[PDB]
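A lone chain, given as structure tokens: the form deposited in one PDB entry.
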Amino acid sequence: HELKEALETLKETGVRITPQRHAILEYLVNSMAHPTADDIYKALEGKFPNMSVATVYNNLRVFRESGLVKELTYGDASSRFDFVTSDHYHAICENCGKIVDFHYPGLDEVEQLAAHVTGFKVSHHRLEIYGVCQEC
């Protein structure tokens, strides 16, 4: 399980798992959205009455640092979060902004090709597909 593994990964970097830090994870696993802190907040305010939104935004910043989630920094504005379940391409709606998952290998090529044509130690690549829902 993705819970099981992730929970051990926290232990590994030190991070102790309080009941709320757990609740945030279980949510990130189950919710096949790409939620923002506030969606996590209002979903979990439960239940966790004394937890602030910044605190969500902090736990997430912990999880990010220990490679248990990616921060979709784009853009503006508020930030979205995936879960490094891996991996993974993003198709976004130009209108509502929803984020269907989808996979496509491969893929390299560049890495490999550009590495050739530019003389660059290629770290990784980012690929986004844009369109519309579903309408929306």
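Residues that one form lacks are left out of the comparison. Start at 1 and count along the sequence shown; that's the residue number. Rigid core: the largest C-alpha set superposing within 1.5 Å between the two forms.
Quick note: we don't show the form deposited in another entry, though the next part is all about it.
- Of the residues listed here (71, 38, 65, 111), only one shifts its CA by 2 angstroms or more between this form and the one not shown after fitting on the rigid core, and it is 111.
- Relative to the superposed core, residue 124 shifts its CA atom by 2 Å or more between this form and the one not shown.
- If you fit the rigid core between this form and the one not shown, you'll see the Cα of residue 91 move by 2 angstroms or more.
- Once the cores line up, the CA of residue 100 ends up 2 angstroms or more apart between this form and the one not shown.
- Distance between the C-alpha atoms of residue 83 and residue 106: shorter by at least 3 Å in the other form than in the displayed form.
- The Cα-Cα distance between residue 36 and residue 92 is lengthened by 3 Å or more in the other form relative to the form shown here.
- Mapped along the sequence, displacements between this form and the one not shown of 2 angstroms or more at every C-alpha, sustained over at least 3 residues after core alignment, occur solely at 86-136.
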